[PDB]
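Chemist: Below is the file model_12.txt, which contains compact mmCIF, C-alpha atoms.
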```txt
# COMPACT_ATOMS: atom_id res chain seq x y z
CA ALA U 1 87.28 90.92 81.77
CA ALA U 2 89.89 88.19 81.98
CA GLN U 3 93.63 88.38 81.30
CA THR U 4 94.62 84.84 80.43
CA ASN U 5 98.08 83.72 81.59
CA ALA U 6 98.52 86.80 83.80
CA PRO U 7 101.42 87.20 86.25
CA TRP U 8 100.83 85.31 89.48
CA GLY U 9 100.31 88.49 91.49
CA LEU U 10 97.61 89.79 89.20
CA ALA U 11 95.82 86.45 89.32
CA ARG U 12 96.22 86.38 93.09
CA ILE U 13 94.46 89.68 93.82
CA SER U 14 91.44 88.60 91.73
CA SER U 15 91.30 85.09 93.24
CA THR U 16 90.14 83.48 96.45
CA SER U 17 92.87 80.81 96.29
CA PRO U 18 96.54 80.78 95.24
CA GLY U 19 97.73 78.98 92.13
CA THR U 20 95.55 80.55 89.45
CA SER U 21 96.69 82.10 86.18
CA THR U 22 93.89 84.49 85.12
CA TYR U 23 93.37 88.07 86.31
CA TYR U 24 89.62 88.87 86.54
CA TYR U 25 88.75 92.53 86.65
CA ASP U 26 86.16 95.11 85.63
CA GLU U 27 86.83 96.58 82.18
CA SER U 28 86.97 100.16 83.53
CA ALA U 29 90.54 99.20 84.55
CA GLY U 30 91.10 102.44 86.43
CA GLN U 31 90.17 104.86 83.63
CA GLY U 32 89.69 108.31 85.14
CA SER U 33 92.10 107.77 88.06
CA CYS U 34 95.71 108.82 88.50
CA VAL U 35 98.61 107.10 90.26
CA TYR U 36 101.78 109.02 91.11
CA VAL U 37 104.75 106.62 91.27
CA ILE U 38 107.32 108.28 93.56
CA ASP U 39 110.49 106.37 92.76
CA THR U 40 113.50 106.37 90.34
CA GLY U 41 111.22 107.47 87.48
CA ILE U 42 109.35 105.73 84.68
CA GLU U 43 110.29 104.76 81.12
CA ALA U 44 107.15 106.28 79.68
CA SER U 45 108.36 105.19 76.24
CA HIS U 46 107.69 101.55 77.12
CA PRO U 47 104.99 100.17 74.78
CA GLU U 48 103.43 98.57 77.87
CA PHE U 49 102.35 102.03 79.10
CA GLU U 50 100.56 102.86 75.79
CA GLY U 51 101.39 106.54 76.28
CA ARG U 52 99.58 106.60 79.63
CA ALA U 53 102.77 107.28 81.58
CA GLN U 54 104.47 110.65 81.74
CA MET U 55 107.16 112.10 83.97
CA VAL U 56 106.14 115.26 85.84
CA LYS U 57 109.02 115.97 88.21
CA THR U 58 112.63 115.06 88.82
CA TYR U 59 115.20 116.18 91.38
CA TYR U 60 118.28 114.98 89.43
CA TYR U 61 120.18 116.00 86.29
CA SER U 62 117.83 113.66 84.41
CA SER U 63 114.23 112.55 84.72
CA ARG U 64 114.96 109.17 83.11
CA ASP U 65 114.79 105.85 84.92
CA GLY U 66 118.40 104.72 84.94
CA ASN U 67 117.51 101.93 87.34
CA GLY U 68 114.36 100.08 86.35
CA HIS U 69 112.95 99.99 89.89
CA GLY U 70 110.45 102.79 89.24
CA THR U 71 109.60 101.41 85.82
CA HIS U 72 108.98 98.02 87.46
CA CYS U 73 106.58 99.50 90.03
CA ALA U 74 104.70 101.62 87.46
CA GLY U 75 104.12 98.53 85.33
CA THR U 76 102.48 96.76 88.26
CA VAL U 77 100.13 99.72 88.85
CA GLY U 78 98.98 100.30 85.27
CA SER U 79 100.93 98.57 82.46
CA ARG U 80 98.72 96.74 79.97
CA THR U 81 100.15 93.26 80.56
CA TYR U 82 101.51 93.53 84.09
CA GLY U 83 99.32 96.15 85.81
CA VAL U 84 96.23 96.14 88.03
CA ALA U 85 94.66 99.35 86.70
CA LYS U 86 95.24 98.96 82.98
CA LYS U 87 93.55 102.22 81.89
CA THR U 88 94.86 104.38 84.72
CA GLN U 89 97.12 107.40 84.28
CA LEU U 90 100.65 107.09 85.67
CA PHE U 91 102.71 110.10 86.73
CA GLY U 92 106.39 109.77 87.55
CA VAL U 93 108.07 111.69 90.36
CA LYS U 94 111.78 110.82 90.46
CA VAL U 95 112.91 111.17 94.07
CA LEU U 96 115.49 108.38 93.86
CA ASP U 97 118.73 108.40 91.90
CA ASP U 98 119.75 105.60 89.58
CA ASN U 99 121.15 103.54 92.47
CA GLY U 100 117.75 103.62 94.12
CA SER U 101 119.00 106.07 96.75
CA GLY U 102 117.50 109.39 97.79
CA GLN U 103 117.77 111.80 100.71
CA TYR U 104 114.84 112.24 103.07
CA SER U 105 114.61 115.97 102.33
CA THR U 106 114.14 115.13 98.63
CA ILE U 107 111.50 112.46 99.24
CA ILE U 108 109.52 114.86 101.42
CA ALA U 109 109.72 117.50 98.68
CA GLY U 110 108.40 114.90 96.25
CA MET U 111 105.39 114.10 98.42
CA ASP U 112 104.56 117.80 98.94
CA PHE U 113 104.83 118.17 95.15
CA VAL U 114 102.19 115.48 94.51
CA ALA U 115 99.67 117.08 96.91
CA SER U 116 99.97 120.30 94.87
CA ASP U 117 100.35 118.82 91.35
CA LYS U 118 97.18 116.76 91.41
CA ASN U 119 95.42 120.13 91.13
CA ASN U 120 97.05 120.57 87.69
CA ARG U 121 95.83 117.18 86.37
CA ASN U 122 92.44 115.79 85.39
CA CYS U 123 91.64 112.87 87.72
CA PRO U 124 87.84 112.78 88.12
CA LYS U 125 88.03 109.33 89.75
CA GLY U 126 90.67 110.36 92.29
CA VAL U 127 94.38 110.19 92.99
CA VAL U 128 96.70 107.44 94.26
CA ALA U 129 100.39 107.62 95.24
CA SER U 130 102.73 104.60 95.40
CA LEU U 131 105.91 104.94 97.53
CA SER U 132 108.00 101.79 97.13
CA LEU U 133 110.69 103.30 99.34
CA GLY U 134 111.73 103.92 102.91
CA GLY U 135 114.43 103.90 105.55
CA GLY U 136 114.99 104.48 109.26
CA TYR U 137 112.36 106.12 111.40
CA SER U 138 111.71 109.81 110.72
CA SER U 139 108.72 111.75 111.91
CA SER U 140 109.22 114.44 109.23
CA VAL U 141 108.95 111.72 106.60
CA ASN U 142 105.84 110.34 108.29
CA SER U 143 104.17 113.78 108.46
CA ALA U 144 104.93 114.22 104.79
CA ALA U 145 103.10 110.98 103.99
CA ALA U 146 100.19 111.98 106.23
CA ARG U 147 100.02 115.41 104.60
CA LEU U 148 99.72 113.71 101.21
CA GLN U 149 96.96 111.42 102.45
CA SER U 150 95.07 114.31 104.06
CA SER U 151 95.30 116.40 100.87
CA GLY U 152 93.08 113.90 99.02
CA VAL U 153 95.49 111.20 97.85
CA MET U 154 95.49 107.49 98.63
CA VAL U 155 99.00 106.73 99.92
CA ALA U 156 100.38 103.17 99.78
CA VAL U 157 103.94 102.64 101.08
CA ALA U 158 106.13 99.53 101.25
CA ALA U 159 106.47 98.09 104.74
CA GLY U 160 110.20 97.29 104.38
CA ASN U 161 112.45 94.36 103.46
CA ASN U 162 114.23 93.95 106.79
CA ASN U 163 112.10 91.07 108.13
CA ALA U 164 111.56 93.22 111.21
CA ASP U 165 108.86 95.38 112.75
CA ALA U 166 107.87 98.25 110.48
CA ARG U 167 107.41 100.53 113.51
CA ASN U 168 111.06 101.50 113.01
CA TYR U 169 110.91 102.49 109.33
CA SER U 170 109.44 105.42 107.44
CA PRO U 171 107.11 106.23 105.90
CA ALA U 172 106.03 102.67 106.64
CA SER U 173 105.24 103.54 110.28
CA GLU U 174 102.83 106.43 109.54
CA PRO U 175 99.39 105.27 110.86
CA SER U 176 97.24 107.25 108.38
CA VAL U 177 98.69 105.75 105.16
CA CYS U 178 98.37 102.25 103.74
CA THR U 179 101.43 100.14 104.69
CA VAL U 180 101.83 97.07 102.47
CA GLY U 181 103.54 93.78 103.39
CA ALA U 182 104.73 91.17 100.88
CA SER U 183 103.66 87.56 100.23
CA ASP U 184 104.73 84.86 97.76
CA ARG U 185 102.89 82.60 95.33
CA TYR U 186 102.23 80.02 98.07
CA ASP U 187 100.55 82.55 100.44
CA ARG U 188 103.66 82.64 102.60
CA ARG U 189 104.84 85.89 104.09
CA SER U 190 107.80 86.89 101.95
CA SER U 191 110.97 85.91 103.77
CA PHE U 192 112.13 89.57 103.64
CA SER U 193 108.84 91.31 104.40
CA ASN U 194 108.58 93.53 107.42
CA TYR U 195 105.67 92.95 109.77
CA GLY U 196 104.08 94.49 112.84
CA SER U 197 100.81 96.11 113.88
CA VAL U 198 101.47 99.09 111.61
CA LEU U 199 100.78 96.90 108.57
CA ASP U 200 97.39 97.28 106.91
CA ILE U 201 97.45 94.74 104.07
CA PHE U 202 99.61 92.25 102.18
CA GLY U 203 100.11 92.13 98.42
CA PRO U 204 102.07 89.92 96.03
CA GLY U 205 105.76 90.70 96.31
CA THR U 206 107.94 87.64 95.60
CA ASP U 207 108.97 86.99 91.98
CA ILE U 208 106.91 89.74 90.35
CA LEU U 209 107.25 90.02 86.59
CA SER U 210 106.72 93.57 85.33
CA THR U 211 108.15 96.24 83.02
CA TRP U 212 111.80 97.27 82.93
CA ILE U 213 113.95 99.97 81.38
CA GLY U 214 115.20 99.28 77.89
CA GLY U 215 111.70 98.30 76.89
CA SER U 216 112.25 94.96 78.63
CA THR U 217 110.75 92.96 81.51
CA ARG U 218 112.00 91.02 84.50
CA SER U 219 110.92 89.37 87.73
CA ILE U 220 112.13 90.83 91.06
CA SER U 221 111.14 90.65 94.71
CA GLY U 222 110.32 93.12 97.48
CA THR U 223 107.65 94.95 99.40
CA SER U 224 108.38 97.48 96.64
CA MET U 225 106.52 95.07 94.32
CA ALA U 226 103.61 94.56 96.73
CA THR U 227 102.87 98.29 97.20
CA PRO U 228 101.92 98.97 93.53
CA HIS U 229 99.44 96.08 93.52
CA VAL U 230 97.51 97.79 96.35
CA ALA U 231 98.01 101.18 94.68
CA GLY U 232 96.69 99.83 91.39
CA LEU U 233 93.82 98.20 93.29
CA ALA U 234 92.92 101.41 95.16
CA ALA U 235 92.77 103.25 91.82
CA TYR U 236 90.69 100.43 90.32
CA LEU U 237 88.20 100.54 93.22
CA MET U 238 88.06 104.34 93.10
CA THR U 239 87.19 104.37 89.39
CA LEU U 240 84.35 101.95 90.22
CA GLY U 241 83.16 104.33 92.95
CA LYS U 242 83.30 101.69 95.67
CA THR U 243 85.65 103.75 97.89
CA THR U 244 87.50 107.06 98.11
CA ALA U 245 91.08 108.19 98.55
CA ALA U 246 90.40 108.72 102.24
CA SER U 247 88.63 105.37 102.72
CA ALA U 248 90.37 102.98 100.30
CA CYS U 249 92.97 101.39 102.59
CA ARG U 250 90.23 100.58 105.09
CA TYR U 251 88.03 99.31 102.25
CA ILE U 252 90.82 97.09 100.90
CA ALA U 253 91.28 95.64 104.38
CA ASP U 254 87.54 95.12 104.89
CA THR U 255 87.22 93.29 101.57
CA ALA U 256 90.52 91.36 101.68
CA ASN U 257 91.11 87.61 101.85
CA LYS U 258 91.23 86.99 105.60
CA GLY U 259 93.55 84.57 107.34
CA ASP U 260 95.08 82.88 104.31
CA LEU U 261 98.76 83.73 104.72
CA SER U 262 101.34 81.65 106.53
CA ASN U 263 104.16 82.86 108.78
CA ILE U 264 102.15 85.98 109.73
CA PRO U 265 103.46 86.88 113.22
CA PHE U 266 101.21 87.54 116.18
CA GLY U 267 100.09 91.17 116.09
CA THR U 268 100.39 91.53 112.30
CA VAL U 269 97.26 91.56 110.16
CA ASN U 270 96.60 88.50 107.96
CA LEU U 271 94.87 90.20 105.02
CA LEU U 272 95.66 89.82 101.31
CA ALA U 273 94.66 92.45 98.74
CA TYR U 274 91.60 91.26 96.80
CA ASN U 275 89.31 92.90 94.28
CA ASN U 276 86.13 90.80 94.81
CA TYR U 277 85.21 91.01 91.13
CA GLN U 278 82.10 88.99 90.25
CA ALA U 279 81.65 88.64 86.49
```
Take the structure from the file and write it as structure tokens.

Modeler:
Amino acid sequence: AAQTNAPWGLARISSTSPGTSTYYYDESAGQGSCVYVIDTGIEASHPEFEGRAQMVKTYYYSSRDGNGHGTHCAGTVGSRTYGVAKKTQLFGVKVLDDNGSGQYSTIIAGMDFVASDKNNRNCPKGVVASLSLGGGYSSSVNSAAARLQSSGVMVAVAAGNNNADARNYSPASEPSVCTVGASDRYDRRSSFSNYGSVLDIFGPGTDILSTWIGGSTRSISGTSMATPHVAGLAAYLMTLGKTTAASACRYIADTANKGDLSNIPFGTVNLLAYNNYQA
């Protein structure tokens, strides 16, 4: 398939060179897979989700996305115009309030919930989880992320927006989950993106147009926007049978565009998410 005039991030992960405007991808588009978006929620009512999004857990007086952040990430995973896995199923776990804040004990609870709740859902091509969130170092948070990975779920987490080493943030610093850095449309490391040996892969994360609450759309920036590209990609590759939940992050790194990013510090991988689709 080809999406003409796609967002630059979608075109990037299906291209070998920056500057293109078409997203090339297999028509399966993630059908049969499931991506849990652990964030401020999702506006499942958005016509861009085509009824494929549904909230399954909240920890606040409401399960609605009063922020847009979670709706923006979910649209990059699987929205029809802005997503990587356009036929995937999106589940919303609202661990963050409408300021984008959330306590560690709640985020942990959310992750434990996803490990259990995938057993209630039909996902014959596997399960992905996208955690566009984090904070200071916490081993309990890291264990939580590793528990989720070990239970059969592909975990992708943002590396952080502190332009520092991700060793000091969580769950970004958990070795067994996929930790995603951010790049821009010119293959530069995003000015804000964290770095460090704990990174596994980079995805598009500067000026990312995607869905927004109110049935709208906007462009924003962060390793929060890079994470759902890789999560979408994981789910896309899993539907195709090329990798598994346990093996996807390694697969994405093996098959990534190598050595094409600028400003990548010494010790940080130089790998850009890439779907190697050959029509």

Chemist: For CA of residue 183 (chain U) and CA of residue 204 (chain U), quote the distance in Å rounded to one decimal.

Modeler: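 These atoms are spaced 5.1 Å apart.
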
Chemist: May I have the protein, DNA and RNA residues with any atom at most 9 Å from the point (91.9, 101.0, 100.6), counting all atoms listed in the file, written as a count of residues only?

Modeler: 20

Chemist: Would you list the contacts of residue 159 (chain U) as a ChimeraX atom specification, taking every protein, DNA or RNA residue within 9 Å and counting all atoms listed in the file, but skipping same-chain residues closer than 4 positions in sequence?

Modeler: /U:132-134,165-166,169-173,179-182,193-195,198-199,223-224,227

Chemist: Find the residues of region 122-153 of chain U that sit at most 12 Å from region 35-54 of chain U; for each, write down the nearest two atoms and how far apart they are in Å, to one decimal. Count only C-alpha atoms. Sort by chain, then by number going up, and give it as a tab-separated table.

Modeler:
```
residue	atom	partner	partner_atom	distance
U:122	CA	U:35	CA	11.7
U:123	CA	U:35	CA	9.4
U:125	CA	U:35	CA	10.8
U:126	CA	U:35	CA	8.8
U:127	CA	U:35	CA	5.9
U:128	CA	U:35	CA	4.4
U:129	CA	U:36	CA	4.6
U:130	CA	U:37	CA	5.0
U:131	CA	U:38	CA	5.4
U:132	CA	U:39	CA	6.8
U:133	CA	U:39	CA	7.3
U:134	CA	U:39	CA	10.5
U:145	CA	U:38	CA	11.6
U:148	CA	U:36	CA	11.3
U:153	CA	U:35	CA	9.2
```

Chemist: Go ahead and dump the residues you just picked, C-alpha atoms, as a short mmCIF file (atom, residue, chain, number, x, y, z; two decimals), in the coordinates of the input.

Modeler:
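Saved to again.cif:
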```cif
data_model
loop_
_atom_site.label_atom_id
_atom_site.label_comp_id
_atom_site.auth_asym_id
_atom_site.auth_seq_id
_atom_site.Cartn_x
_atom_site.Cartn_y
_atom_site.Cartn_z
CA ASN U 122 92.44 115.79 85.39
CA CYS U 123 91.64 112.87 87.72
CA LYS U 125 88.03 109.33 89.75
CA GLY U 126 90.67 110.36 92.29
CA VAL U 127 94.38 110.19 92.99
CA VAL U 128 96.70 107.44 94.26
CA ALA U 129 100.39 107.62 95.24
CA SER U 130 102.73 104.60 95.40
CA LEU U 131 105.91 104.94 97.53
CA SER U 132 108.00 101.79 97.13
CA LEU U 133 110.69 103.30 99.34
CA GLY U 134 111.73 103.92 102.91
CA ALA U 145 103.10 110.98 103.99
CA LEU U 148 99.72 113.71 101.21
CA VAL U 153 95.49 111.20 97.85
#
```

Chemist: What are the closest atom pairs, with distances in Å to one decimal, for all residues of region 70-183 of chain U lying within 8 Å of region 5-17 of chain U? Consider only C-alpha atoms, order rows by chain and residue number, and present the result as JSON lines.

Modeler:
```
{"residue": "U:81", "atom": "CA", "partner": "U:6", "partner_atom": "CA", "distance": 7.4}
{"residue": "U:82", "atom": "CA", "partner": "U:7", "partner_atom": "CA", "distance": 6.7}
{"residue": "U:83", "atom": "CA", "partner": "U:10", "partner_atom": "CA", "distance": 7.4}
{"residue": "U:84", "atom": "CA", "partner": "U:10", "partner_atom": "CA", "distance": 6.6}
```

Chemist: Please save C-alpha atoms of the selected residues as an mmCIF file, in the frame of the given file.

Modeler:
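The resulting again_27.cif:
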```
data_model
loop_
_atom_site.group_PDB
_atom_site.id
_atom_site.type_symbol
_atom_site.label_atom_id
_atom_site.label_comp_id
_atom_site.auth_asym_id
_atom_site.auth_seq_id
_atom_site.Cartn_x
_atom_site.Cartn_y
_atom_site.Cartn_z
ATOM 1 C CA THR U 81 100.150 93.260 80.560
ATOM 2 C CA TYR U 82 101.510 93.530 84.090
ATOM 3 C CA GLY U 83 99.320 96.150 85.810
ATOM 4 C CA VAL U 84 96.230 96.140 88.030
#
```

Chemist: For each of U:147, U:222, U:214, U:177, take the minimum atom-to-atom distance to residue 160 (chain U), counting only C-alpha atoms, then give the residue where this is smallest.

Modeler: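 Counting only C-alpha atoms, the residue closest to residue 160 (chain U) is U:222.
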